[PDB]
Every structure is written in C-alpha cells, then in structure tokens.
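Just so you know, the sequences run in chain order B and A. FYI, in PDB author numbering the residues of the first sequence are 101 to 199. FYI, in PDB author numbering the residues of the second sequence are 1 to 99. Take a look at the structure below.
Number of protein chains: 2
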Amino acid sequence: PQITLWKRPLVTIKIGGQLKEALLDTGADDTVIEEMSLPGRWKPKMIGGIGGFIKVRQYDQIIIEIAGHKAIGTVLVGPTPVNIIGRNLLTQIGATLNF
Amino acid sequence: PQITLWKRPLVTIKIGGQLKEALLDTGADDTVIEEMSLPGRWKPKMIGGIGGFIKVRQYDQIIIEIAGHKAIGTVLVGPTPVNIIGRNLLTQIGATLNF
Ligand SMILES: COc1ccc(S(=O)(=O)N(CC(C)C)C[C@@H](O)[C@H](Cc2ccccc2)NC(=O)O[C@@H]2CC[C@@H]3C[C@H]4CO[C@@H](C)[C@@]42O3)cc1
Ligand SMILES: [Cl-]
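Right, here's the structure in full:
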C-alpha cells in the first residue's frame, strides 16, 4: 500500500496473540508496545523522547504481524501512550519514505 | 527520492538562513525544532511524547526548505533532542509511506 500522511499512519498489528493498533513511525529507532505480557527473558532499558526517559523491558526475537506482513525483531514493552512500530521492524516489511 | 529506513532518515533543512539536520518523522503530528530565534509572535503549546509533556513556542507561516523542497507552515520551538519534521510539513512536500 501507499499511505498518505493527512492522518496518523495507524495499522493493525498482531503480537503475542493479541490484536493492537500501532503507529508506523520513521522517527522511532526501535519498536515500543504498551504494557503486556510476553514470553522469554528480558533486560531493562531506558529510552528517551521529548519530555524525558522511561524504563522499558527489552524482548528479543519477537514475531509481529504488521498489516499482514510477518517480521521478527526486538520489541520494547513499557508505559507508552501509543504503540510504535519503529525502523527495526519497518525495514523488514520493506517500508520506504517517498517524495 | 525513495528513502529506506536502515539508517535514521536525516535530511538537511534550511530555516532562518541556517542549515540544520532534521529527522523525517511520520510518528510526529507537528514539526519541532531546537531553540532558535524566529520572526513574529508566538503562541504557547503543550506537546506530549514518550517521556511526558514540555512547553514549546508555536510560530506560524515559517518558510522552511526540506531537502530542497519549500514548505511554509507551523513550527514548534523548544528543547528537543533532535529536530523533527512532522506530518504537517511532510504532507506539503508530498511524502508517503510505501510497502
Ligand atoms: C529507541 O527507540 C525509540 C522509539 C521511539 C521514541 S519516541 O516515541 O520518543 N520518538 C522519537 C523521536 C522524538 C526522536 C518517536 C516519535 O515519532 C514520537 C512517537 C510518539 C507518538 C505519540 C505519542 C508518543 C510517542 N512522536 C512524538 O513524540 O509525537 C508527539 C505526539 C503529540 C504531539 C505531536 C508531536 C510533535 O512533538 C512531539 C513531542 C509530539 O507532540 C524514542 C526512542
Ligand atoms: Cl531488531
């Protein structure tokens, strides 16, 4: 698909057996998902945005379906107000910015 | 151009006579630039990201050249770690997300 940017670029994702809405975000290095339970070991991490830093749990090798496209990578879980699909997974579905 | 996302999508902008680097950010509604002096009156705005809220100054109808494309629109000025080009100006230069 080609997605215009008049509105937030939100898509449906499947992660950990649940359906969620998430933002396709070229400004995010990593993918950040609201608090949920995932399997495996995790390590703590601090990530910084506008307004300061938050603590998240880093999970590796997580499978995510993004608008029907399967991808695997690291997912950060923490108190974000919006689910964010970052560059580490956008590259895997072949996403590009065009102008 | 067509910009892949294996690296941060950084571009050169020109604003108020100065060259700066900025991130093309589909996850940002608005455009936010580090502290600088711009012409005209400003208005207050609160913006919220991952780490809380900050107060910024809103300037309207600012000329800005983004990777050689001219845009005229609203720019927010405040303590941001990186200069962010958001959807308000990405739509003016005709940017889309494709996969
Ligand atoms: C290592 O991995 C990461 C991954 C992500 C982040 S990140 O979330 O911190 N970030 C990184 C940028 C700032 C360098 C990704 C950016 O796309 C963010 C996404 C977003 C949208 C909505 C809510 C939270 C986060 N966007 C935003 O902050 O948008 C807000 C939205 C409301 C208004 C409109 C915008 C103009 O100013 C900002 C503060 C905004 O206020 C950092 C590190
Ligand atoms: Cl990854």
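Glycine included, each C-beta is placed from N, C-alpha and C at the ideal position.
Practice problem: Along the beta strand (DSSP E) that carries residue 183 of chain B, what are the first and last residues, could you check? | Solution: As a first step, residue 183 of chain B is located in the first sequence; it is residue number 83 there, counting from the start. Taken as a continuous stretch (DSSP letters only), residue 183 of chain B belongs to no beta strand (DSSP E), as it is neither H nor E.
Self-check item: Proximal residues of chain A, C-beta to C-beta of residue 138 of chain B below 8 Å
Solution: Position 38 of the first sequence holds residue 138 of chain B. The premise fails here: residue 138 of chain B is roughly 19 Å from chain A at the closest Cβ pair, so nothing lies under 8 Å.
Quiz item: At which residues does the beta strand (DSSP E) containing residue 122 of chain B begin and terminate?
Solution: Indexing the first sequence from 1 puts residue 122 of chain B at position 22. Note, residue 122 of chain B: beta strand (DSSP E), 118-124.
Practice problem: Using a Cβ cut-off of 9 Å, pull out every chain A residue sitting near residue 106 of chain B, in sequence order please. | Solution: On the first sequence, residue 106 of chain B is found 6 positions in, with the first residue counted as 1. What residue 106 of chain B touches in chain A: 87 and 91.
Quiz item: With which residues is residue 96 of chain A paired in a DSSP beta bridge?
Solution: For the purposes of this step, residue 96 of chain A is identified with residue 96 of the second sequence, where counting begins at 1. DSSP output for residue 96 of chain A lists B/198 as bridge partner(s).
Exercise. Taking only beta carbons into account, state which residues of the stretch 13-32 of chain A come closer than 8 Å to chain B, listed in chain order.
Key: 23, 24, 25, 26, 27, 28, 29 and 32
Exercise. Could you name the residues of the same chain whose beta carbon sits closer than 7 Å to that of residue 46 of chain A, not counting the 5 residues immediately before and after it, in chain order?
Key: Numbered from 1 along the second sequence, position 46 holds the residue referred to as residue 46 of chain A. 53 and 55.
Practice problem: Take the Cβ of residue 60 of chain A as the centre, count every other Cβ of all protein chains shown within 10 Å, and call the residue buried at 16 or more, exposed below. | Solution: The residue labelled residue 60 of chain A in the question sits at position 60 within the second sequence. Exposed, since its Cβ has fewer than 16 Cβ neighbours within 10 Å.
Practice problem: Using three-state DSSP, classify residue 4 of chain A as helix, strand or coil. | Solution: The sequence position of residue 4 of chain A within the second sequence is 4, counting from 1. Coil.
Quiz prompt | Backbone CA spacing between residue 23 of chain A and residue 180 of chain B [nearest angstrom] | solution = Locating residue 23 of chain A in the second sequence gives position 23, counting from the first residue. Locating residue 180 of chain B in the first sequence gives position 80, counting from the first residue. Their Cα atoms are separated by approximately 21 Å.
Self-check item: residue 89 of chain A in three-state terms, based on DSSP
Solution: Taking the first residue of the second sequence as 1, we reach residue 89 of chain A at position 89. Residue 89 of chain A falls in the helix class under three-state DSSP.
Exercise. Compute the minimum distance between the beta carbon of residue 16 of chain A and the heavy atoms of ligand 2, and state whether it is under 6 Å.
Key: The sequence position of residue 16 of chain A within the second sequence is 16, counting from 1. It does not: the Cβ of residue 16 of chain A is nowhere closer than 6 Å to a heavy atom of ligand 2.
Quiz item: What is the C-beta distance between residue 107 of chain B and residue 113 of chain B, in whole angstroms, given that I count them as a contact (C-beta under 8 Å)?
Solution: Here the question's residue 107 of chain B lines up with position 7 in the first sequence. Here the question's residue 113 of chain B lines up with position 13 in the first sequence. In fact, because the Cβ distance is near 17 Å, the residues do not count as touching under 8 Å.
Quiz item: How would you label residue 31 of chain A, buried or exposed, when you count the other beta carbons within 10 angstroms and need 16 or more for buried?
Solution: Along the second sequence, read from residue 1 onward, the residue named residue 31 of chain A stands at position 31. Classification of residue 31 of chain A: buried, given that the 10 Å Cβ count is 16 or more.
Practice problem: Establish whether the CB of residue 97 of chain A and some CB of chain B are separated by less than 7 Å. | Solution: Numbered from 1 along the second sequence, position 97 holds the residue referred to as residue 97 of chain A. It does: the Cβ of residue 97 of chain A has a partner Cβ on chain B nearer than 7 Å.
Exercise. For ligand 2, enumerate in chain order all residues having a CB closer than 5 Å to any of its heavy atoms.
Key: B/173, B/174 and B/188
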